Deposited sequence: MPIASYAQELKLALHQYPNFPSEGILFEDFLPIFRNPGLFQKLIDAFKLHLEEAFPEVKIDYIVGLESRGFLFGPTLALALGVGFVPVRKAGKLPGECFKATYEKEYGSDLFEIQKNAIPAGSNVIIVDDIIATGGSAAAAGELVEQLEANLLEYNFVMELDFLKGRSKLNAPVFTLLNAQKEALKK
């Protein structure tokens, strides 16, 4: 986990003043360009979950649109578990639960009592992750943990969430 995290940190590309003046953007897309690095990202999350939840079966990975889609499904398939998306309003068909930060999840996707991990690339304010948490609770599912790639500590994003949080980098 530690050695993989160092190599993944070196792959990040910094972009000052994006999306606006004064903001320092950390781009994780170079990881996905290299199948060696991408495999290390997946392996590192897999290792964490096996360490944190050795005798608890995970039923689904719940990934946030959009950058949570880049690694969430791949992590799910590596674990042998299902993937379910949380999407922006009006994107998902059928009957959905809603949560304002608006995010949606499909009512038929996750049975009550399911154990889930929520995944996304970065946590900033925590508003998006918090909304996803509310959708999981509306499904009567269990939120074991939030898994992020990166975290902006100064923004205190964790304070909005009421389940444990792991950040890889």
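Deposited-sequence stretches lacking C-alpha coordinates, listed in sequence order: Comparing the full sequence with the modelled residues, the uncovered ranges come out as 1-2, 104-110, 179-187.
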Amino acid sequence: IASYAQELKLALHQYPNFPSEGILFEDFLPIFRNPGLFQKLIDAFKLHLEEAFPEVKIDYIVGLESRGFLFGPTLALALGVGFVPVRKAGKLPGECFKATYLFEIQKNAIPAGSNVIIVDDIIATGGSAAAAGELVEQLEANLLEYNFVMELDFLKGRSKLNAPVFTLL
From here on, numbers count along this sequence of modelled residues.
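Would 102-110 or 41-49 have the larger average of its C-alpha temperature factors, as given in the entry? Between 102-110 and 41-49, it is 102-110.
Which is higher on mean Cα B factor in this entry, 84-92 or 71-79? Averaging CA B-factors over each stretch, the winner is 84-92.
Please place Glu134 in the lowest, middle or highest third of its chain by C-alpha B factor as given in the entry. Ranked within chain, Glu134 CA B lands in the middle tercile.
By the record's CA B-factor, is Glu26 among the lowest, middle or highest third of residues in the chain? Its C-alpha B-factor belongs to the highest third of this chain's values.
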